[PDB]
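Report on the structure given below.
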Ligand SMILES: CCCCCCCC/C=C/CCCCCCCC(=O)O[C@@H](COC(=O)CCCCCCCCCCCCCCCCC)COP(=O)([O-])OCC[N+](C)(C)C
Ligand SMILES: CCCCCCCC/C=C/CCCCCCCC(=O)O[C@@H](COC(=O)CCCCCCCCCCCCCCCCC)COP(=O)([O-])OCC[N+](C)(C)C
Ligand SMILES: CCCCCCCC/C=C/CCCCCCCC(=O)O[C@@H](COC(=O)CCCCCCCCCCCCCCCCC)COP(=O)([O-])OCC[N+](C)(C)C
Ligand SMILES: CCCCCCCC/C=C/CCCCCCCC(=O)O[C@@H](COC(=O)CCCCCCCCCCCCCCCCC)COP(=O)([O-])OCC[N+](C)(C)C
Ligand SMILES: Nc1ncnc2c1ncn2[C@@H]1O[C@H](COP(=O)(O)OP(=O)(O)OP(=O)(O)O)[C@@H](O)[C@H]1O
Ligand SMILES: Nc1ncnc2c1ncn2[C@@H]1O[C@H](COP(=O)(O)OP(=O)(O)OP(=O)(O)O)[C@@H](O)[C@H]1O
Ligand SMILES: Cn1c(=O)c2c(ncn2C)n(C)c1=O
Ligand SMILES: [Ca+2]
Ligand SMILES: [Zn+2]
Ligand SMILES: [Zn+2]
């Protein structure tokens with residue numbers, strides 16, 4: 001592996017048909033027999049690993065202990081028609097058959113899988129690197145064909161990205177994707193987050209912020225993977241292990257509890273349909289269930305208590321699953337503004353940003369970067385702004401002990417962490433907790449869950465309050481949320497047109513009070529008239545209440561204008577109120593909703609169209625890549641796959657800095673400097689070497 | 001075929017066959033496709049309509065029951081909101097189909113302590129159910145044509 | 001998928017499909033890794049025939 | 001009709017230069033080429 005790593009280092013910054021790459025191919029050809037032997041070592045045991053697990057092989061295994069004789073092994077392998085004569089004999093020699101010629105094929109298959117994995121992957125990378133940089137060498141395809149199984153095995157783990165290197169050229173980087181990283185990336189919650197992120201940047205995002213948003217998405221996704229790993233499952237100590245297990249259970253099953261609460265709400269409201277009010281006890285009336293089974297009344301009490309418990313568990317499930325991301329994001333953006341902007345050093349927000357003013361409480365807290373990965377943000381800010389703003393003033397702002405900086409760098413102290421609850425009392429950063437709770441209390445999702453719980457408790461005072469919970473279907477079902485989004489999309493316009501409706505009706509009221517009052521007698525009685533327009537407030541209410549809701553406008557409600565001096569004036573008043581209010585203004589309200597359906601629909605189409613016509617990374621259209629058959633499909637899955645950039649960032653974090661290659665160090669340095677110039681923009685490997693590749 | 005055989009038991013079953021024009025004529029099938037294109041959304045908004053009407057029923061049963069006497073008779077009242085199931089049916093049956101919402105059907109709220117509360121109940125039910133929710137149903141069909 | 005298991009061993013499985021030698025091709029492709037006798041049992045094939 | 005007019009105006013400004021009329025696709029050969037072109041090379045404010 002170390003020799004191959006040296007060979008891969010010689011290929012750093014190597015152009016297509018480079019002299020070093022062609023020399024390396026000649027070196028492999030000069031030692032072709034040895035290379036074939038090495039490749040024949042890897043595929044034989046990779047094939048052996050899957051053969052022993054095959055159903056046909058198990059038919060030969062007859063020993064109850066799980067062993068197999070050499071003669072039985074001999075007839076098992078040649079029945080697969082995958083190995084030759086000498087190959088089977090070599091496998092027999094490698095098998096540690098006992099004095100009874102019995103072979104433990106379980107350990108035999110797994111004996112070399114782990115020791116030879118690192119070298120096998122690097123050989124696959126070496127052949128892949130040479131093939132893509134010397135594509136017109138007939139001598140190299142022979143090695144690729146002989147290593148087809150090795151390449152196929154490591155295909156899901158061989159990640160490749162393209163970057164703009166320091167040499168002002170597009171370079172292709174090959175790295176390793178671990179099994180855990182790919183498994184976590186394929187989780188449905190992570191995939192849903194990716195779809196939401198893609199929709200946001202394509203719809204309401206810019207080109208200059210596209211890569212910075214993408215990196216921020218990667219940082220959030222990595223943090224969420226840690227949370228999922230922590231909550232996953234395979235006297236103080238006894239309770240703590242059960243407490244975290246209980247909390248993890250709620251975090252894992254947060255959405256099922258949300259569904260369960262919605263189900264219980266319908267069950268409670270179904271029972272409430274049987275309520276009946278009667279003067280007689282089961283001049284005040286009594287409200288009681290009316291059913292013959294006799295089990296619904298106890299069931300309502302049981303469901304009401306159960307619903308309250310589930311709602312309470314949702315809050316605990318939420319603050320252990322979603323709150324850490326909220327704190328992580330807020331700490332992340334605050335730290336960068338402290339360093340790269342000097343938010344509380346230079347600009348000092350002008351009291352109109354409640355978010356900025358609230359974050360002042362956490363600057364001097366000893367545990368400010370609790371969720372954010374960078375634990376040395378204060379150290380970095382001090383080195384950047386200390387000279388221009390004052391080291392002692394920066395330390396006071398960030399709550400840093402300057403005298404403690406050196407002693408920590410000198411040696412390390414190991415104190416006594418007493419596992420007592422009393423010692424745990426004063427170890428709580430009260431100021432940080434106040435800041436953290438303020439962030440949680442300003443979260444829309446947490447406030448909704450809090451309202452759901454409060455309503456559940458009010459349900460115990462009157463059960464009818466459990467009706468409010470049936471609203472949850474607004475966000476419980478995504479189909480309704482999309483439908484309701486068609487109402488809230490133009491919500492501001494809907495409010496204004498209703499306000500405009502109130503003003504136009506007031507103008508009609510003023511005309512009526514002044515000129516048409518006699519026609520507003522709404523009493524069939526003859527000696528006591530119920531005049532509806534003897535007061536402006538009463539007449540305005542009359543127009544807004546019965547006038548708007550009437551099919552034919554105000555004219556339907558008011559007395560006939562026939563045989564009267566003002567008949568023509570009243571026909572204009574009635575027809576104009578019908579047109580302007582009933583016809584035009586109600587069409588605007590309906591028109592806004594209909595237009596919202598079209599506007600939301602094209603946003604989905606626009607996002608889908610952009611993803612299938614342009615690359616998310618380089619921005620080059622699919623038309624250019626389609627010169628080569630299936631060019632755009634291969635480009636978005638192999639060359640500029642956005643998932644590989646996610647994996648490459650995780651690869652750099654786990655890998656030791658001393659082991660970073662020249663290309664890896666270049667990208668890693670720019671990640672720490674927040675410079676996204678390594679992302680290819682408007683260029684790709686295929687475009688840079690069009691003459692050589694074609 | 002089954003409906004044709006049932007037609008022999010009662011000839012009126014032969015009416016079902018007139019539905020065939022849905023696929024017999026391609027023009028109608030395209031028109032009907034504009035309804036089934038957003039059929040799932042149409043079902044959900046009707047379900048949403050049932051939930052919003054239930055919330056109005058709960059408010060009525062609790063606070064506005066006196067106004068639900070639908071009997072011109074004076075000694076035997078036909079109270080429509082003395083039971084939740086009856087009151088919910090009343091809102092779903094006459095309330096939704098009324099042009100001006102529930103207010104048109106129920107007794108006038110004038111000269112009463114809860115008059116302002118009842119005007120908000122009547123105007124909001126007109127806006128949310130008659131105006132907004134029926135526009136969504138019509139909006140889904142219109143959007144499907146586009 | 002579960003309903004199609006009834007037709008795998010039927011003597012006239014490719015009645016309408018033009019390829020009448022699908023069973024022969026499947027046996028040659030998966031017989032070595034899954035067992036020729038087990039494939040024949042699954043597809044209702046007589047190896048001696 | 002009014003909605004697409006706003007979209008058309010916004011789309012044209014973000015896809016073509018107001019001065020030379022060359023599309024953003026040509027300038028995007030260079031990373032952030034169109035952004036620099038509309039802020040440094042052919043900025044309409046500089047002509048003012
Ligand atoms: C008010 C609803 C808030 C949310 C509105 C959305 C829901 C739409 C409609 C829902 C239906 C509501 C049920 C109404 C029927 C209840 C009748 C009743 O019990 O009326 C209650 C009135 O009491 C109350 O008002 C208590 C409620 C406190 C304040 C109510 C406001 C809710 C606060 C909301 C919390 C956060 C809200 C902020 C977010 C805004 C909304 C998102 C009287 O009893 P009762 O004595 O004779 O018996 C009790 C039996 N014993 C007395 C014998 C024990
Ligand atoms: C005379 C013809 C003018 C009517 C033109 C209508 C054009 C729009 C005008 C609207 C306001 C009309 C006020 C007229 C000013 C005074 C007229 C006069 O000389 O007044 C005339 C009476 O003529 C009339 O009856 C005019 C009747 C007007 C009815 C027109 C119906 C149109 C309603 C339009 C509602 C506006 C809402 C628009 C919303 C826009 C949404 C898109 C004689 O008085 P007077 O000695 O008995 O003592 C006034 C009475 N007070 C003692 C109370 C002061
Ligand atoms: C039920 C319709 C099924 C399809 C609905 C879509 C059509 C929309 C409406 C169509 C109009 C239907 C005509 C109703 C009037 C019939 C009155 C009548 O005869 O009512 C019948 C009721 O009997 C029945 O119900 C028999 C029918 C069996 C079950 C009916 C359900 C139909 C089964 C559907 C088969 C597959 C359906 C699955 C797909 C779902 C739909 C796509 C009674 O007689 P009658 O005794 O006095 O005389 C007979 C004269 N002698 C008795 C003297 C002989
Ligand atoms: C008091 C003002 C609160 C009204 C604010 C309305 C805002 C939304 C609230 C809706 C539910 C109202 C319940 C109020 C809680 C109890 C109030 C109270 O203290 O109750 C007050 C009475 O005040 C009232 O009359 C309030 C009347 C509310 C009418 C508001 C009409 C709006 C209808 C909205 C329908 C919701 C559907 C929304 C769908 C959304 C679709 C987009 C005194 O009791 P109580 O001693 O006689 O014994 C309670 C009676 N029981 C014995 C039966 C328990
Ligand atoms: N750089 C890119 N990386 C990945 N996909 C890209 C890129 N540029 C454009 N795309 C397009 O994004 C589309 C979305 O990816 P795709 O649908 O294959 O993802 P998935 O992981 O299989 O799951 P899902 O269907 O949920 O998105 C692809 O069809 C591809 O054409
Ligand atoms: N010649 C040009 N000069 C300026 N902007 C141009 C030119 N051609 C195209 N544009 C586009 O016009 C858009 C509008 O400019 P921009 O939004 O940056 O202006 P502003 O002064 O910051 O304020 P505002 O957001 O109110 O327009 C830019 O995003 C740019 O892409
Ligand atoms: C989690 N994480 C990052 O997400 C990260 C990083 N350096 C840069 N980034 C983006 N480090 C060191 C890190 O631990
Ligand atoms: Ca090194
Ligand atoms: Zn690309
Ligand atoms: Zn220009």
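Residue 1 is the first one shown; counting continues down the chain.
This deposition comes from electron microscopy, 2.5 Å.
Placed from the backbone N, Cα and C atoms, the Cβ positions cover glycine too.
As written in Swiss-Prot, here are the features:
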BINDING   A:373  caffeine binding site
INTRAMEM  A:537-556  intramembrane segment
MOTIF     A:551-557  motif 'Selectivity filter'
TOPO_DOM  A:319-436  topological domain 'Cytoplasmic'
TOPO_DOM  A:478-492  topological domain 'Cytoplasmic'
TOPO_DOM  A:514-536  topological domain 'Lumenal'
TOPO_DOM  A:557-576  topological domain 'Lumenal'
TOPO_DOM  A:598-694  topological domain 'Cytoplasmic'
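Summarised by DSSP class, the composition of the motif 'Selectivity filter' (A:551-557) is 4 helix, 0 strand, 3 coil.
In the three-state DSSP scheme, the residue listed as 'caffeine binding site' is classed as coil. Taking all protein chains in view, 15 other C-beta atoms sit within 10 angstroms of the C-beta of residue A:373 (caffeine binding site). Below 8 angstroms of C-beta separation, residues 508, 511-512, 515-516, 518-522, 542, 546-547, 550 of the same chain, each at least six residues beyond the ends of the topological domain 'Lumenal' (A:557-576), sit close to that stretch.
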